[PDB]
file model.tsv (TSV, C-alpha atoms)
chain	number	residue	atom	x	y	z
A	2	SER	CA	0.00	0.00	0.00
A	3	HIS	CA	1.00	3.64	-0.54
A	4	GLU	CA	3.57	5.08	1.86
A	5	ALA	CA	2.01	7.29	4.53
A	6	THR	CA	3.05	10.90	4.05
A	7	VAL	CA	1.28	14.14	4.91
A	8	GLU	CA	1.35	15.12	1.23
A	9	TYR	CA	-0.40	11.87	0.35
A	10	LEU	CA	-2.97	12.60	3.05
A	11	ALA	CA	-3.46	16.08	1.56
A	12	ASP	CA	-4.04	14.64	-1.93
A	13	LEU	CA	-6.57	12.12	-0.60
A	14	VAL	CA	-8.50	14.72	1.39
A	15	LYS	CA	-8.53	16.91	-1.72
A	16	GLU	CA	-9.92	14.13	-3.94
A	17	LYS	CA	-12.58	13.43	-1.30
A	18	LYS	CA	-13.60	17.09	-1.26
A	19	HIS	CA	-14.10	16.84	-5.04
A	20	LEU	CA	-16.10	13.61	-4.91
A	21	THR	CA	-18.44	15.11	-2.33
A	22	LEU	CA	-20.08	17.04	-5.17
A	23	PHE	CA	-21.55	13.72	-6.34
A	24	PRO	CA	-22.00	11.82	-3.04
A	25	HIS	CA	-24.41	9.03	-4.01
A	26	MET	CA	-22.84	8.36	-7.36
A	27	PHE	CA	-19.51	7.36	-5.81
A	28	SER	CA	-20.66	5.97	-2.50
A	29	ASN	CA	-18.38	2.91	-2.51
A	30	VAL	CA	-15.38	4.91	-3.73
A	31	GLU	CA	-15.98	7.45	-0.96
A	32	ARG	CA	-15.88	4.73	1.71
A	33	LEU	CA	-12.63	3.30	0.30
A	34	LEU	CA	-11.15	6.79	0.30
A	35	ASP	CA	-12.34	7.33	3.88
A	36	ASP	CA	-10.69	4.04	4.90
A	37	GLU	CA	-7.44	5.05	3.21
A	38	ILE	CA	-7.49	8.51	4.84
A	39	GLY	CA	-8.10	6.85	8.21
A	40	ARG	CA	-5.29	4.36	7.63
A	41	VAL	CA	-2.89	7.10	6.59
A	42	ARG	CA	-3.65	9.35	9.56
A	43	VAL	CA	-3.06	6.51	11.99
A	44	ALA	CA	0.14	5.49	10.21
A	45	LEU	CA	1.58	9.03	10.42
A	46	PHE	CA	1.52	8.85	14.22
A	47	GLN	CA	2.59	5.21	14.70
A	48	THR	CA	5.91	4.99	12.82
A	49	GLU	CA	7.58	3.95	16.10
A	50	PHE	CA	5.20	1.08	16.91
B	2	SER	CA	-13.18	-5.25	4.25
B	3	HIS	CA	-16.61	-5.14	2.54
B	4	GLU	CA	-18.14	-8.55	1.77
B	5	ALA	CA	-17.31	-9.75	-1.75
B	6	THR	CA	-20.56	-10.20	-3.67
B	7	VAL	CA	-21.26	-10.09	-7.38
B	8	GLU	CA	-23.55	-7.11	-6.77
B	9	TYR	CA	-20.79	-5.24	-4.93
B	10	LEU	CA	-18.42	-5.90	-7.84
B	11	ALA	CA	-21.04	-4.54	-10.23
B	12	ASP	CA	-21.35	-1.37	-8.13
B	13	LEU	CA	-17.57	-0.84	-8.13
B	14	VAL	CA	-17.34	-1.36	-11.87
B	15	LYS	CA	-20.18	1.09	-12.45
B	16	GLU	CA	-18.35	3.65	-10.27
B	17	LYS	CA	-15.15	3.01	-12.24
B	18	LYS	CA	-17.01	3.80	-15.46
B	19	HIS	CA	-18.39	7.03	-13.94
B	20	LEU	CA	-14.82	8.02	-13.03
B	21	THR	CA	-13.77	7.92	-16.70
B	22	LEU	CA	-15.76	11.15	-17.08
B	23	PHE	CA	-12.96	12.80	-15.07
B	24	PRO	CA	-9.62	11.96	-16.76
B	25	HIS	CA	-6.52	12.47	-14.58
B	26	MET	CA	-8.60	14.14	-11.89
B	27	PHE	CA	-8.81	11.31	-9.37
B	28	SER	CA	-5.58	9.33	-9.53
B	29	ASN	CA	-5.58	7.95	-5.97
B	30	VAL	CA	-9.28	7.19	-6.04
B	31	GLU	CA	-8.76	5.28	-9.30
B	32	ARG	CA	-5.94	3.19	-7.78
B	33	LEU	CA	-7.90	2.44	-4.59
B	34	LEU	CA	-10.91	1.44	-6.68
B	35	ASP	CA	-8.86	-0.83	-8.98
B	36	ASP	CA	-7.28	-2.44	-5.90
B	37	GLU	CA	-10.76	-3.13	-4.46
B	38	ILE	CA	-12.07	-4.55	-7.74
B	39	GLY	CA	-9.05	-6.87	-7.83
B	40	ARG	CA	-9.59	-8.03	-4.25
B	41	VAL	CA	-13.30	-8.72	-4.84
B	42	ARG	CA	-12.64	-10.69	-8.05
B	43	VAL	CA	-10.02	-12.76	-6.21
B	44	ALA	CA	-12.40	-13.34	-3.30
B	45	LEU	CA	-15.19	-14.42	-5.65
B	46	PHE	CA	-12.84	-16.79	-7.44
B	47	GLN	CA	-11.51	-18.23	-4.15
B	48	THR	CA	-15.06	-18.86	-2.90
B	49	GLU	CA	-15.72	-20.69	-6.17
B	50	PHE	CA	-12.46	-22.69	-5.96
B	51	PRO	CA	-11.58	-22.96	-2.23
B	52	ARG	CA	-8.51	-25.18	-2.79
B	53	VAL	CA	-6.66	-22.97	-5.29
B	54	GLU	CA	-3.66	-20.72	-4.57
B	55	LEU	CA	-3.65	-17.17	-5.96
call {"tool": "encode", "arguments": {"input": "model.tsv", "output": "structure tokens"}}
result
Amino acid sequence: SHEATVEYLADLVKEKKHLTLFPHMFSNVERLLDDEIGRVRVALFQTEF
Amino acid sequence: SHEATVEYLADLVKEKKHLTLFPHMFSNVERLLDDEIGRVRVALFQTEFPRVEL
């Protein structure tokens, strides 16, 4: 899976913002993106674990 | 992860087709979606053939 960087997080959050214009057309995609954003955020703060 | 059903796969594929309307505008979304389609196809195949190694 993609390396966890803050720039990556930024890009993901930005794509999500764009998809939100068509919420019910991309409902599965939006969940996958939410999962990846969640995973990335957690990763950023657990590099020592 | 979301349960692999043929209907779910259909939904993902339909969303993938909708995304083609927006060329080069959703690169990470496209990758995540392709990854999920791949995982669901593999899961469907493995449920069909439980003894096979992928």
call {"tool": "residues_around", "arguments": {"input": "model.tsv", "residues": "residue A:12", "least_positions_apart": "6", "cutoff": "12 Å", "atoms": "all atoms listed in the file", "output": "list in words"}}
result
residues 5, 6, 18, 19, 34, 37, 38 and 41 of chain A; 26, 27, 28, 29 and 30 of chain B
call {"tool": "write_last_selection", "arguments": {"input": "model.tsv", "atoms": "C-alpha atoms", "output": "compact mmCIF listing (two decimals), in the frame of the given file"}}
result
# COMPACT_ATOMS: atom_id res chain seq x y z
CA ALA A 5 2.01 7.29 4.53
CA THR A 6 3.05 10.90 4.05
CA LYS A 18 -13.60 17.09 -1.26
CA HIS A 19 -14.10 16.84 -5.04
CA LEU A 34 -11.15 6.79 0.30
CA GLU A 37 -7.44 5.05 3.21
CA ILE A 38 -7.49 8.51 4.84
CA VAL A 41 -2.89 7.10 6.59
CA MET B 26 -8.60 14.14 -11.89
CA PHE B 27 -8.81 11.31 -9.37
CA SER B 28 -5.58 9.33 -9.53
CA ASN B 29 -5.58 7.95 -5.97
CA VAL B 30 -9.28 7.19 -6.04
call {"tool": "interface_residues", "arguments": {"input": "model.tsv", "of": "chain B", "to": "chain A", "cutoff": "12 Å", "atoms": "all atoms listed in the file", "output": "PyMOL selection string"}}
result
chain B and resi 2-3+9-20+23+25-38
call {"tool": "atom_distance", "arguments": {"input": "model.tsv", "atom1": "atom CA of residue A:44", "atom2": "atom CA of residue A:8"}}
result
13.2 Å
call {"tool": "atom_distance", "arguments": {"input": "model.tsv", "atom1": "atom CA of residue B:4", "atom2": "atom CA of residue B:44"}}
result
9.0 Å
call {"tool": "atom_distance", "arguments": {"input": "model.tsv", "atom1": "atom CA of residue B:21", "atom2": "atom CA of residue A:25"}}
result
16.6 Å
call {"tool": "axis_aligned_box", "arguments": {"input": "model.tsv", "around": "stretch 21-31 of chain A", "padding_each_side": "8 Å", "output": "AutoDock Vina command-line options"}}
result
--center_x -19.9 --center_y 10.0 --center_z -4.2 --size_x 25.0 --size_y 30.1 --size_z 22.4
call {"tool": "residues_around", "arguments": {"input": "model.tsv", "residues": "residue B:42", "least_positions_apart": "3", "cutoff": "10 Å", "atoms": "only C-alpha atoms", "output": "PyMOL selection string"}}
result
chain B and resi 5-7+10+37-39+45-48
call {"tool": "decode", "arguments": {"input": "model.tsv", "residues": "stretch 2-37 of chain A", "atoms": "N, CA, C and O atoms", "output": "JSON list (two decimals), in the first residue's frame"}}
result
[["chain", "number", "residue", "atom", "x", "y", "z"],
["A", 2, "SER", "N", 0.83, -1.20, 0.00],
["A", 2, "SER", "CA", 0.00, 0.00, 0.00],
["A", 2, "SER", "C", 0.87, 1.26, 0.00],
["A", 2, "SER", "O", 2.03, 1.22, 0.38],
["A", 3, "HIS", "N", 0.28, 2.37, -0.43],
["A", 3, "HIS", "CA", 1.00, 3.64, -0.54],
["A", 3, "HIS", "C", 1.66, 4.03, 0.78],
["A", 3, "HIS", "O", 1.07, 3.86, 1.85],
["A", 4, "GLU", "N", 2.88, 4.55, 0.69],
["A", 4, "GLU", "CA", 3.57, 5.08, 1.86],
["A", 4, "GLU", "C", 2.77, 6.23, 2.47],
["A", 4, "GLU", "O", 2.20, 7.06, 1.76],
["A", 5, "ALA", "N", 2.75, 6.27, 3.80],
["A", 5, "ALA", "CA", 2.01, 7.29, 4.53],
["A", 5, "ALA", "C", 2.81, 8.58, 4.68],
["A", 5, "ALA", "O", 3.73, 8.67, 5.48],
["A", 6, "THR", "N", 2.45, 9.59, 3.89],
["A", 6, "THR", "CA", 3.05, 10.90, 4.05],
["A", 6, "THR", "C", 1.93, 11.92, 4.22],
["A", 6, "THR", "O", 0.77, 11.63, 3.94],
["A", 7, "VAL", "N", 2.28, 13.11, 4.70],
["A", 7, "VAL", "CA", 1.28, 14.14, 4.91],
["A", 7, "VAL", "C", 0.80, 14.69, 3.56],
["A", 7, "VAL", "O", -0.35, 15.11, 3.42],
["A", 8, "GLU", "N", 1.69, 14.68, 2.57],
["A", 8, "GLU", "CA", 1.35, 15.12, 1.23],
["A", 8, "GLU", "C", 0.34, 14.16, 0.59],
["A", 8, "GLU", "O", -0.60, 14.59, -0.08],
["A", 9, "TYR", "N", 0.55, 12.87, 0.79],
["A", 9, "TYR", "CA", -0.40, 11.87, 0.35],
["A", 9, "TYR", "C", -1.75, 12.11, 1.01],
["A", 9, "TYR", "O", -2.78, 12.18, 0.35],
["A", 10, "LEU", "N", -1.74, 12.29, 2.33],
["A", 10, "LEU", "CA", -2.97, 12.60, 3.05],
["A", 10, "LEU", "C", -3.68, 13.79, 2.42],
["A", 10, "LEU", "O", -4.89, 13.75, 2.17],
["A", 11, "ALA", "N", -2.93, 14.86, 2.18],
["A", 11, "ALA", "CA", -3.46, 16.08, 1.56],
["A", 11, "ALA", "C", -4.16, 15.76, 0.24],
["A", 11, "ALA", "O", -5.29, 16.19, 0.01],
["A", 12, "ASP", "N", -3.49, 15.00, -0.62],
["A", 12, "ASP", "CA", -4.04, 14.64, -1.93],
["A", 12, "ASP", "C", -5.35, 13.88, -1.77],
["A", 12, "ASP", "O", -6.32, 14.16, -2.48],
["A", 13, "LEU", "N", -5.37, 12.92, -0.85],
["A", 13, "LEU", "CA", -6.57, 12.12, -0.60],
["A", 13, "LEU", "C", -7.74, 12.98, -0.11],
["A", 13, "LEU", "O", -8.87, 12.85, -0.59],
["A", 14, "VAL", "N", -7.47, 13.84, 0.86],
["A", 14, "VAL", "CA", -8.50, 14.72, 1.39],
["A", 14, "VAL", "C", -9.03, 15.64, 0.28],
["A", 14, "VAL", "O", -10.23, 15.92, 0.21],
["A", 15, "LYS", "N", -8.13, 16.09, -0.58],
["A", 15, "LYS", "CA", -8.53, 16.91, -1.72],
["A", 15, "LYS", "C", -9.41, 16.18, -2.73],
["A", 15, "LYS", "O", -10.40, 16.73, -3.21],
["A", 16, "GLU", "N", -9.07, 14.93, -3.05],
["A", 16, "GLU", "CA", -9.92, 14.13, -3.94],
["A", 16, "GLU", "C", -11.29, 13.86, -3.31],
["A", 16, "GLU", "O", -12.30, 13.82, -4.00],
["A", 17, "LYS", "N", -11.32, 13.67, -2.00],
["A", 17, "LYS", "CA", -12.58, 13.43, -1.30],
["A", 17, "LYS", "C", -13.49, 14.66, -1.37],
["A", 17, "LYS", "O", -14.68, 14.55, -1.60],
["A", 18, "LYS", "N", -12.89, 15.82, -1.14],
["A", 18, "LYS", "CA", -13.60, 17.09, -1.26],
["A", 18, "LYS", "C", -14.26, 17.20, -2.64],
["A", 18, "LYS", "O", -15.39, 17.65, -2.76],
["A", 19, "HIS", "N", -13.55, 16.78, -3.68],
["A", 19, "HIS", "CA", -14.10, 16.84, -5.04],
["A", 19, "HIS", "C", -15.24, 15.86, -5.28],
["A", 19, "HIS", "O", -16.24, 16.21, -5.90],
["A", 20, "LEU", "N", -15.09, 14.64, -4.77],
["A", 20, "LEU", "CA", -16.10, 13.61, -4.91],
["A", 20, "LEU", "C", -17.38, 13.95, -4.18],
["A", 20, "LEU", "O", -18.45, 13.48, -4.56],
["A", 21, "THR", "N", -17.27, 14.76, -3.13],
["A", 21, "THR", "CA", -18.44, 15.11, -2.33],
["A", 21, "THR", "C", -19.48, 15.88, -3.12],
["A", 21, "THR", "O", -20.62, 16.04, -2.67],
["A", 22, "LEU", "N", -19.11, 16.37, -4.30],
["A", 22, "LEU", "CA", -20.08, 17.04, -5.17],
["A", 22, "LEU", "C", -21.08, 16.05, -5.76],
["A", 22, "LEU", "O", -22.17, 16.43, -6.17],
["A", 23, "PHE", "N", -20.70, 14.77, -5.80],
["A", 23, "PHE", "CA", -21.55, 13.72, -6.34],
["A", 23, "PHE", "C", -21.59, 12.53, -5.37],
["A", 23, "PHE", "O", -21.15, 11.44, -5.71],
["A", 24, "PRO", "N", -22.16, 12.74, -4.18],
["A", 24, "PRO", "CA", -22.00, 11.82, -3.04],
["A", 24, "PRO", "C", -22.54, 10.41, -3.28],
["A", 24, "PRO", "O", -21.88, 9.42, -2.94],
["A", 25, "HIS", "N", -23.73, 10.31, -3.86],
["A", 25, "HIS", "CA", -24.41, 9.03, -4.01],
["A", 25, "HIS", "C", -24.07, 8.31, -5.29],
["A", 25, "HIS", "O", -24.49, 7.19, -5.52],
["A", 26, "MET", "N", -23.30, 8.98, -6.14],
["A", 26, "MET", "CA", -22.84, 8.36, -7.36],
["A", 26, "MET", "C", -21.55, 7.57, -7.12],
["A", 26, "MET", "O", -21.22, 6.64, -7.85],
["A", 27, "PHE", "N", -20.81, 7.97, -6.09],
["A", 27, "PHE", "CA", -19.51, 7.36, -5.81],
["A", 27, "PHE", "C", -19.45, 6.85, -4.39],
["A", 27, "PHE", "O", -18.41, 6.95, -3.74],
["A", 28, "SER", "N", -20.55, 6.30, -3.91],
["A", 28, "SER", "CA", -20.66, 5.97, -2.50],
["A", 28, "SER", "C", -19.63, 4.92, -2.07],
["A", 28, "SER", "O", -19.09, 5.01, -0.98],
["A", 29, "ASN", "N", -19.36, 3.92, -2.90],
["A", 29, "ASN", "CA", -18.38, 2.91, -2.51],
["A", 29, "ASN", "C", -16.96, 3.49, -2.53],
["A", 29, "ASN", "O", -16.16, 3.27, -1.62],
["A", 30, "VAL", "N", -16.66, 4.23, -3.59],
["A", 30, "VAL", "CA", -15.38, 4.91, -3.73],
["A", 30, "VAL", "C", -15.11, 5.83, -2.54],
["A", 30, "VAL", "O", -13.99, 5.89, -2.04],
["A", 31, "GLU", "N", -16.14, 6.53, -2.07],
["A", 31, "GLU", "CA", -15.98, 7.45, -0.96],
["A", 31, "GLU", "C", -15.63, 6.73, 0.34],
["A", 31, "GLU", "O", -14.87, 7.24, 1.15],
["A", 32, "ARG", "N", -16.20, 5.55, 0.54],
["A", 32, "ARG", "CA", -15.88, 4.73, 1.71],
["A", 32, "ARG", "C", -14.44, 4.23, 1.67],
["A", 32, "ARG", "O", -13.74, 4.25, 2.68],
["A", 33, "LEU", "N", -14.00, 3.77, 0.50],
["A", 33, "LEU", "CA", -12.63, 3.30, 0.30],
["A", 33, "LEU", "C", -11.62, 4.42, 0.55],
["A", 33, "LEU", "O", -10.57, 4.22, 1.15],
["A", 34, "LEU", "N", -11.96, 5.61, 0.07],
["A", 34, "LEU", "CA", -11.15, 6.79, 0.30],
["A", 34, "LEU", "C", -11.11, 7.15, 1.79],
["A", 34, "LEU", "O", -10.06, 7.46, 2.32],
["A", 35, "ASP", "N", -12.27, 7.09, 2.45],
["A", 35, "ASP", "CA", -12.34, 7.33, 3.88],
["A", 35, "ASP", "C", -11.48, 6.35, 4.67],
["A", 35, "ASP", "O", -10.82, 6.74, 5.62],
["A", 36, "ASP", "N", -11.51, 5.07, 4.27],
["A", 36, "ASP", "CA", -10.69, 4.04, 4.90],
["A", 36, "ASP", "C", -9.21, 4.33, 4.70],
["A", 36, "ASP", "O", -8.40, 4.15, 5.61],
["A", 37, "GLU", "N", -8.84, 4.77, 3.50],
["A", 37, "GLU", "CA", -7.44, 5.05, 3.21],
["A", 37, "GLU", "C", -6.94, 6.30, 3.95],
["A", 37, "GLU", "O", -5.80, 6.33, 4.42]]
